[PDB]
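Hydrogens, waters and symmetry mates are skipped; everything else that's a heavy atom, side chains included, is used. Convention: sequence-line order gives letters A, B, ...; per-chain numbering from 1.
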Amino acid sequence: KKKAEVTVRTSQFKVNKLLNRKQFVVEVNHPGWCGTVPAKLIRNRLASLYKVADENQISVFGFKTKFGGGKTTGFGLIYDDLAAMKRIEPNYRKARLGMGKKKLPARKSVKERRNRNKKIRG
Amino acid sequence: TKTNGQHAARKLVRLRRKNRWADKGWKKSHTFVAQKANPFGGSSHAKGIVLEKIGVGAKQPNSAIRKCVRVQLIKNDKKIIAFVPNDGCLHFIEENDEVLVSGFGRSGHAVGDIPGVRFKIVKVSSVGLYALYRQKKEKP
Amino acid sequence: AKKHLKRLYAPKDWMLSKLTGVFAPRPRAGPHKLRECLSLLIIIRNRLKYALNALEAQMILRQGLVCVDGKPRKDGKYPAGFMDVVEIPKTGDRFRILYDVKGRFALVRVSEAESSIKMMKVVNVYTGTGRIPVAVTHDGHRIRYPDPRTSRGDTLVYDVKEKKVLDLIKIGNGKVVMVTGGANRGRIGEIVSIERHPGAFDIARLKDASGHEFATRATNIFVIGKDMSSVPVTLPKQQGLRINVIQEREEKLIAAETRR
Amino acid sequence: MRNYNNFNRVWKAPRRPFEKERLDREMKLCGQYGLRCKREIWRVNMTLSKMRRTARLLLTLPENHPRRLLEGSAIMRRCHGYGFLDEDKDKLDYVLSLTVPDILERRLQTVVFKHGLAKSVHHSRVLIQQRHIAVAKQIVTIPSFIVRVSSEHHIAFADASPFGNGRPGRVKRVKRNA
RNA sequence: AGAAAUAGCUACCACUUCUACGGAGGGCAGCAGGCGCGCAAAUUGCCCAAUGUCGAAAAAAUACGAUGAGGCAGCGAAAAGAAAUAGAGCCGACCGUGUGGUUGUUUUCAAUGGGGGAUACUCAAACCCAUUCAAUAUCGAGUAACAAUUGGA
RNA sequence: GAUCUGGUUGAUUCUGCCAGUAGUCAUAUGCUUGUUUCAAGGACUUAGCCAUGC
Ligand SMILES: [K+]
Ligand SMILES: [K+]
Ligand SMILES: [K+]
Ligand SMILES: [K+]
Ligand SMILES: [Mg+2]
Ligand SMILES: [Mg+2]
Ligand SMILES: [Mg+2]
Ligand SMILES: [Mg+2]
Ligand code: NA
Ligand code: NA
Ligand code: NA
Ligand code: NA
């Protein structure tokens, strides 16, 4: 029958010049939507709402689906430019996009060598 | 009537302390002699080893043989007599096995027409005597 | 020599949830007491939601963006107390720490001229080596040459950007005070009288603006001015007037109904 | 282990387990409201006992008492709004006269049947558990929901339900795929 | 600065490990795990994302502080809160009572979750919830074998 | 919820204790267990003995 659309609204708003960002709460209305709605679709729509050059300046996380309904609420961050986004965003959030630091060795091995090198000098 | 003082709380406190030793229920919970004489050191159940199977007669108006066993406890090596319930159920006991023993009710008082027996057999070889009776399990 | 502070043992006015974490930031020693203050990490992360996590407050405080007495502070666990000006020059907002009518911390936006003024309460007057009269203050400041009329209970109006004393407000019946401890914290009223009780705690009897009467220990009043109008600083919304609990409940109920 | 969550109990078994008079009165309530177990009745017993106990304490207090005025208004506000007491009764003495079916009348399983959306009192429970009823355009699937006075006219079918304007249900879909 | 500190030192007493027999060590009532004891009690897991402490430290790069404190998941009817195991009728056979509930025999007719799968959400990474069986476009009870027990008369 | 019942006599009215009855974030054992939320978990006896890693 009918098509499935998505509408995005922002209830609370705040401008953060200390961390070069603006914060808000995202509301998504998706009546008739099948399944959930991936976060990249929100990023497209939020970019339309506040026209940004690069959609990667937008961050969305912590989204909860309302019981027995077609609503979903999450948090949202907007950065002035990509340079500020890289500096301030936590690593695991950048890795979600696919552009964070590679990896680190298992923590067990690191603390194993730390005690081993306590028996030796130089 | 009795003392009605408004400054006589000392006399009323002493009276209640002295007279509270006169009821057997309150005395049993504050005297430590019951725990020592009790084969279970104040515990719900205890584990023991079967020594032999005995048959004790019932009291006078009744007439039967009550099919008990003689059990030596493990935690303190005391000897007690315990009753094995339900029909049959003696063939599931055997000799030198290890059993779990519980009270009979009434907290140390003998029960029914069995003379001087206040313990019952619950588990044999750690399976469950009633489960064996209902065939829900097999003897290891 | 403790270094932690369990959540449940923290002051209630920080309003930290008991379901979020086990610990709280212990305020380092300094101008104000541990019980009678709130730290800079609390203000940045809990009062104004500039920072979400506690790592972000470091990203603000370690740069010296926040100032607390005209000097930027980099320590999150800095103790900030009553009558303190907090200004963030990048954002342009300045708050003064005061007590609201219910005895809780209140941050009220002040003007540019006001942000350079601070009120202090004398607690001790002594002599230094040589003959230097120096007076200690409720926030720990020491003033080298005060007015020779200063005494224990009075208050001083202080310029923070440049260190000097503006004027001294003594104690007496006419003046108006604000209660700073004892479940009457956050009430403004005049001094009806003060009772001596030598060797023990003096009792000061005060009259509210609405004609009510209340009393408290004399070590809990902070004289603001000689009149309500002549206040060097700004004041919170209610002006320290408390009203009946049933009236509070009823006004809240009807106000919600007209709102929707 | 270092947790600070809370929990409590909502019901209580009655003394004297077998009284023929109480057994029949409770059975009558169950088979006529279509309840599942006696615990549902015994929940109503304790919530009733709490309002009665606080009303009794307040009524003992003298009039114009500050505690009496504030709490007295609060309990009447809850009782009127929830639909336990009609708006004419306002003296705080009509609280004690509350009985069990008065609270059981406000249950969402009951109110659905009264409005006529169901053919019985057990049909309505099945409908509620299967995500068909919406109170204020929000789907509610818990029979013990106690309907407020300002929400009876908003009760209707849910959009997502096949009986509303939703897609065909399980039987229709599997018949089409057959 | 602060200890008469146990993942600081010294000795004696009880048990105890390696050795080339000259000697040298050990302290789980910290975390997980084993033996014994008993009626009686969980994995030799992942992580610094949150909460904090310490520090010569904000974050970012030609450049990632530690942390079994802490948190997360595995086992878990201690206990506590919600809650399925069916709803409407059809046609005979009826049961009582005076024509209105009812008790099986045939038989349609919708609805829904145990079950399984993602455009995917969560998550520090995985899991559980919460959404959804087309949005051109997505699986499924009928002797509902998807079968309620434990105690009694 | 400010509640009681069975046993002394050929019957009756008592004192009085045995037995019944409801709970317990109170422990253990037995039988039986589809879903979900929140959760305590080697105190009890032996402040007994401890391989290995942190
Ligand atoms: K020591
Ligand atoms: K251990
Ligand atoms: K079943
Ligand atoms: K029988
Ligand atoms: Mg150790
Ligand atoms: Mg256990
Ligand atoms: Mg006699
Ligand atoms: Mg122990
Ligand atoms: Na209320
Ligand atoms: Na030692
Ligand atoms: Na950390
Ligand atoms: Na934890």
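- Both conditions of the stacking definition, centres under 5.5 Å apart and planes under 30° apart, are satisfied by the base rings of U99(E) and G100(E).
- Between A111(E), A80(E), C39(E), one nucleotide has an atom nearer to the side chain of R9(D) than all others, and that is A80(E).
- Summarising the geometry, the separation between CE on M1(D) and P on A41(E) is reported as 20 Å, rounded to the nearest angstrom.
- If you check every strand for non-hydrogen atoms under 4.0 Å, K103(A) touches a base.
- Note: NE2 (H122(D)) to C1' (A84(E)) measures 16 Å, nearest angstrom.
- In this structure, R131(D) is positioned above the aromatic face of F67(A), its NZ or CZ under 6.0 Å from the six-membered ring centre and within 45° of the axis.
- Rounded to whole Å, atom P of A86(E) lies 17 Å from atom CG of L127(D).
- Using a 4.0 Å heavy-atom cutoff across all strands shown, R16(D) reaches at least one base atom of the nucleic acid.
- The residue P90(A) sits apart from the nucleic acid: no heavy atom pair falls under 4.0 Å.
- No canonical Watson-Crick or G-U wobble pair links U27(F) to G113(E) with each of its two hydrogen-bond distances shorter than 3.5 Å.
- Side-chain to base pairing of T65(A) with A130(E): one donor and one acceptor N or O lie within less than 3.5 Å of each other.
- Between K28(D) atom NZ and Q32(D) atom CD the span is 10.0 Å, to the nearest 0.5 Å.
- Taking atom CZ of residue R22(D) and atom P of nucleotide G1(F), one finds them 13 Å apart after rounding to whole Å.
- Between the P atom of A88(E) and the CG atom of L117(D) lies a distance of 15 Å, rounded to the nearest Å.
- As the counterpart of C128(E), no nucleotide is assigned, since no Watson-Crick or G-U wobble pattern has both distances under 3.5 Å.
- Along RNA chain F, the nucleotide closest to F18(D) and the one closest to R56(D) are compared, and the more 5′ of them pairs with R56(D).
- For the pair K136(B) and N5(D), nearest-nucleotide mapping onto RNA chain F gives the more 5' position to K136(B).
- Each of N91(A) and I142(D) was matched to the nucleotide of RNA chain E holding its nearest heavy atom; the match closer to the 5' end belongs to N91(A).
- If you find the closest nucleotide of RNA chain E to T20(C) and to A106(A), the one lying nearer the 5' end belongs to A106(A).
- Annotation: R113(A), atom CZ; neighbour count of heavy atoms from other residues, nucleotides and ligands within 6.0 Å is above 12.
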(request) Starting from the C-alpha separation in whole Å, work towards a yes-or-no answer on side-chain contact (heavy atoms from CB on, under 4.5 Å) for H45(B) and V101(B). (result) CA-CA 6 Å; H45(B) 303 63; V101(B) 183; over 6 Å; no

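- Under the Watson-Crick or G-U wobble criterion, with both distances below 3.5 Å, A58(E) is left unpaired in every strand shown.
- To the nearest angstrom, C1' of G52(E) lies 12 Å from CD of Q58(C).
- One can find a donor-acceptor pair under 3.5 Å joining the base of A57(E) and the side-chain atoms of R62(C).
- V37(A) approaches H30(A) most closely through the heavy-atom pair CG1-CD2, 4.4 Å.
- Using a 4.0 Å cut-off, no side-chain N or O of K101(A) falls inside it from OP1 or OP2 of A60(E).
- Taking atom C1' in both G68(E) and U85(E), one finds a spacing of 46 Å when rounded to whole Å.
- Within the nucleic acid shown, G70(A) has no heavy atom closer than 4.0 Å to any nucleic acid atom.
- In this strand, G92(E) sits stacked on its neighbour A93(E); the base ring centres are under 5.5 angstrom apart and the planes under 30 degrees.
- The partner of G52(E) is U67(E), by the rule that a Watson-Crick or G-U pair needs both atom distances under 3.5 Å.
- Distance NE2 (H109(B)) to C1' (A19(F)): 11 Å, rounded to an integer number of Å.
- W11(D) and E40(D) form no side-chain donor-acceptor contact under 3.5 Å, judged by distance and modelled atom types alone.
- Summarising the geometry, the separation between NZ on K12(D) and P on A79(E) is reported as 19 Å, rounded to the nearest angstrom.
- A sub-4.0 Å separation between OP1 or OP2 of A124(E) and a side-chain N or O of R93(A) is absent.
- A 4.5 Å side-chain heavy-atom check between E138(B) and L132(B) finds every atom pair outside the cut-off.
- For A58(E), its base sits under 3.5 Å from the side chain of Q63(C) at one donor and acceptor pair at least.
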